[PDB]
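One file, entry_33.csv, carrying CSV, C-alpha atoms and all ligand atoms:
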chain,number,residue,atom,x,y,z
A,1,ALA,CA,-117.6,42.8,119.1
A,2,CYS,CA,-115.2,44.5,121.6
A,3,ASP,CA,-111.5,44.8,120.4
A,4,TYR,CA,-110.0,45.1,123.8
A,5,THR,CA,-112.0,44.0,126.8
A,6,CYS,CA,-110.9,45.5,130.1
A,7,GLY,CA,-112.7,44.2,133.1
A,8,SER,CA,-116.2,45.2,131.9
A,9,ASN,CA,-115.1,48.1,129.7
A,10,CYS,CA,-114.9,47.8,125.9
A,11,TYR,CA,-112.4,49.7,123.7
A,12,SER,CA,-112.1,49.7,119.9
A,13,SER,CA,-109.0,49.8,117.8
A,14,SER,CA,-109.3,53.6,117.3
A,15,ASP,CA,-110.0,54.1,121.0
A,16,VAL,CA,-106.7,52.6,121.9
A,17,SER,CA,-105.0,54.4,119.0
A,18,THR,CA,-106.5,57.8,120.1
A,19,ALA,CA,-105.4,57.2,123.7
A,20,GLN,CA,-102.0,56.0,122.8
A,21,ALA,CA,-101.4,58.9,120.5
A,22,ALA,CA,-102.3,61.3,123.3
A,23,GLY,CA,-100.0,59.7,125.8
A,24,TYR,CA,-97.1,59.3,123.3
A,25,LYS,CA,-97.2,63.0,122.5
A,26,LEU,CA,-97.0,64.1,126.1
A,27,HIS,CA,-94.2,61.6,126.5
A,28,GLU,CA,-92.3,63.3,123.6
A,29,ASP,CA,-92.8,66.7,125.1
A,30,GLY,CA,-91.8,65.6,128.6
A,31,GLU,CA,-95.2,66.4,130.0
A,32,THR,CA,-97.3,64.6,132.5
A,33,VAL,CA,-100.8,64.9,134.1
A,34,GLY,CA,-102.6,63.4,137.1
A,35,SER,CA,-101.6,62.6,140.6
A,36,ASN,CA,-99.6,59.7,139.3
A,37,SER,CA,-97.8,61.6,136.6
A,38,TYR,CA,-99.0,59.9,133.4
A,39,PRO,CA,-97.5,58.9,131.1
A,40,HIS,CA,-94.7,57.2,133.1
A,41,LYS,CA,-92.4,54.2,132.8
A,42,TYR,CA,-94.0,50.8,133.0
A,43,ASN,CA,-91.4,48.3,134.1
A,44,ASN,CA,-93.5,45.3,133.3
A,45,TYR,CA,-93.3,43.5,136.7
A,46,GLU,CA,-96.2,41.3,135.6
A,47,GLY,CA,-93.8,39.8,133.0
A,48,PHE,CA,-96.3,40.2,130.2
A,49,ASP,CA,-95.5,38.7,126.8
A,50,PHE,CA,-94.6,42.0,125.0
A,51,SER,CA,-93.3,41.5,121.4
A,52,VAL,CA,-92.0,45.1,121.1
A,53,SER,CA,-88.9,46.6,122.7
A,54,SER,CA,-88.8,48.5,126.0
A,55,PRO,CA,-88.8,51.0,127.6
A,56,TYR,CA,-92.5,51.0,128.2
A,57,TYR,CA,-94.9,53.7,129.4
A,58,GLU,CA,-98.4,53.3,130.8
A,59,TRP,CA,-101.2,55.8,129.9
A,60,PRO,CA,-104.8,55.8,131.0
A,61,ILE,CA,-107.5,55.0,128.5
A,62,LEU,CA,-110.9,56.2,129.6
A,63,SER,CA,-114.1,54.1,129.3
A,64,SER,CA,-115.9,57.4,128.6
A,65,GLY,CA,-113.9,58.2,125.5
A,66,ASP,CA,-112.2,61.4,126.6
A,67,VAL,CA,-108.5,61.7,126.4
A,68,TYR,CA,-107.0,61.6,129.9
A,69,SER,CA,-106.2,65.1,131.2
A,70,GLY,CA,-105.1,64.5,134.8
A,71,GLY,CA,-108.4,63.5,136.4
A,72,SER,CA,-109.5,60.1,137.5
A,73,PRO,CA,-107.5,57.6,135.4
A,74,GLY,CA,-109.7,54.5,136.1
A,75,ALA,CA,-108.2,51.0,136.0
A,76,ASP,CA,-107.3,50.7,132.3
A,77,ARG,CA,-104.0,51.5,130.5
A,78,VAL,CA,-102.5,51.4,127.1
A,79,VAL,CA,-98.7,50.6,127.1
A,80,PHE,CA,-96.4,52.0,124.4
A,81,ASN,CA,-92.7,52.2,123.8
A,82,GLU,CA,-90.4,54.9,122.4
A,83,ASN,CA,-91.3,53.9,118.9
A,84,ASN,CA,-95.0,54.5,119.7
A,85,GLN,CA,-95.6,50.8,119.2
A,86,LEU,CA,-98.5,49.4,121.2
A,87,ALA,CA,-97.0,46.9,123.7
A,88,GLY,CA,-100.5,46.0,125.0
A,89,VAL,CA,-103.6,47.1,126.9
A,90,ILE,CA,-103.7,46.2,130.6
A,91,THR,CA,-106.1,46.8,133.5
A,92,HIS,CA,-106.2,46.8,137.3
A,93,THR,CA,-109.6,45.2,137.2
A,94,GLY,CA,-109.3,41.5,137.8
A,95,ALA,CA,-105.9,41.9,139.5
A,96,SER,CA,-105.0,42.2,143.2
A,97,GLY,CA,-103.1,45.0,144.9
A,98,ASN,CA,-101.5,47.4,142.4
A,99,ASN,CA,-101.0,44.7,139.8
A,100,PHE,CA,-102.3,44.4,136.2
A,101,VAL,CA,-103.9,41.8,133.9
A,102,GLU,CA,-104.0,42.1,130.1
A,103,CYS,CA,-107.3,43.1,128.6
A,104,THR,CA,-108.4,40.4,126.2
B,201,LIG,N1,-98.1,47.0,138.8
B,201,LIG,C1,-97.1,47.6,138.3
B,201,LIG,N2,-96.7,48.9,138.7
B,201,LIG,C2,-95.7,49.4,138.0
B,201,LIG,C3,-95.0,48.9,136.9
B,201,LIG,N3,-94.1,49.7,136.4
B,201,LIG,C4,-94.1,50.8,137.2
B,201,LIG,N4,-95.1,50.7,138.2
B,201,LIG,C5,-95.2,51.7,139.3
B,201,LIG,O1,-94.5,51.1,140.4
B,201,LIG,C6,-95.2,51.5,141.7
B,201,LIG,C7,-95.7,50.1,142.4
B,201,LIG,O2,-96.6,49.2,141.6
B,201,LIG,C8,-96.3,52.4,141.3
B,201,LIG,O3,-95.8,53.8,141.3
B,201,LIG,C9,-96.6,52.0,139.8
B,201,LIG,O4,-97.2,53.0,139.0
B,201,LIG,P1,-98.8,52.9,138.7
B,201,LIG,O5,-99.5,52.8,140.0
B,201,LIG,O6,-99.1,54.2,137.9
B,201,LIG,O7,-99.0,51.7,137.8
B,201,LIG,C10,-95.4,47.6,136.5
B,201,LIG,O8,-94.9,47.0,135.5
B,201,LIG,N5,-96.5,47.0,137.2

Mind turning the file's structure into structure tokens?
Ligand SMILES: Nc1nc2c(ncn2[C@@H]2O[C@H](CO)[C@@H](O)[C@H]2OP(=O)(O)O)c(=O)[nH]1
Amino acid sequence: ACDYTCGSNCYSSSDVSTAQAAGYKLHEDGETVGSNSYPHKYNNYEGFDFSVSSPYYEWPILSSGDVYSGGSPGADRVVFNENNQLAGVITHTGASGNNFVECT
């Protein structure tokens, strides 16, 4: 099947894990990439049902499979906390404005 379905993109367990690990590491080293400085704090304005503690950080997960390196981030994001716990996988696809919806 598809573990995480973002809009029309499909990500597996290891895809999310690989992306999350990349973002978490940059977070640890205080590093960011891209015009929007990823990874950066995700305040959860959407009020998603996160079962892990804040603070949260969003990081792009690419449909292609490459680890984000500051280029075009696309619409999908993995969200993790300081414990490197996956808070969830969200996307701009299906949402209005600069809002998000959870990939299912
Ligand atoms: N939609 C949304 N934007 C957030 C959230 N937390 C931080 N932001 C940031 O707040 C601003 C307005 O939405 C943007 O800079 C956005 O960054 P991103 O565009 O990288 O998501 C959140 O929970 N939801």

Taking a cut-off of 7 Å and counting all atoms listed in the file, can you build a table that, for each residue of chain A near ligand LIG 201 (chain B), reports the nearest atom pair and how far apart they are in Å (one decimal), sorted by chain then residue number, as a tab-separated table?
residue	atom	partner	partner_atom	distance
A:36	CA	B:LIG201	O6	5.7
A:41	CA	B:LIG201	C4	5.8
A:42	CA	B:LIG201	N3	3.6
A:43	CA	B:LIG201	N3	3.8
A:44	CA	B:LIG201	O8	3.1
A:45	CA	B:LIG201	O8	4.0
A:46	CA	B:LIG201	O8	5.8
A:98	CA	B:LIG201	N1	5.0
A:99	CA	B:LIG201	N1	3.8
A:100	CA	B:LIG201	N1	5.6

Pick out the residues sitting within 8 Å of stretch 9-26 of chain A, and hand them over as a ChimeraX atom specification; count only C-alpha atoms, and ignore anything fewer than 5 positions along from it in its own chain.
/A:2-4,31-32,38-39,59-61,63,65,67-68,78-80,84,86

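We find atom CA of residue A:81 and atom CA of residue A:52 to be spaced 7.6 Å apart.
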
Find the residues near residue A:71: any atom within 9 Å, counting only C-alpha atoms, skip ones fewer than 3 places away on the same chain, and give them as a ChimeraX atom specification.
/A:33-35,68

Could you check which of A:85, A:53, A:5, A:69 is closest to residue A:102, using only C-alpha atoms?
A:5

Atom CA of residue A:57 to atom CA of residue A:87 measures 9.1 Å

Which is closer to residue A:56 than all the others in A:103, A:40, A:6, A:89, using all atoms listed in the file?
A:40

Selected residue, from A:83, A:90, A:8, A:97, that lies nearest to residue A:55 when counting only C-alpha atoms
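Among the listed residues, A:83 lies closest to residue A:55.
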
Atom CA of residue A:28 to atom CA of residue A:101: how many Å, to one decimal?
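Computing the Euclidean distance for atom CA of residue A:28 and atom CA of residue A:101 yields 26.5 Å.
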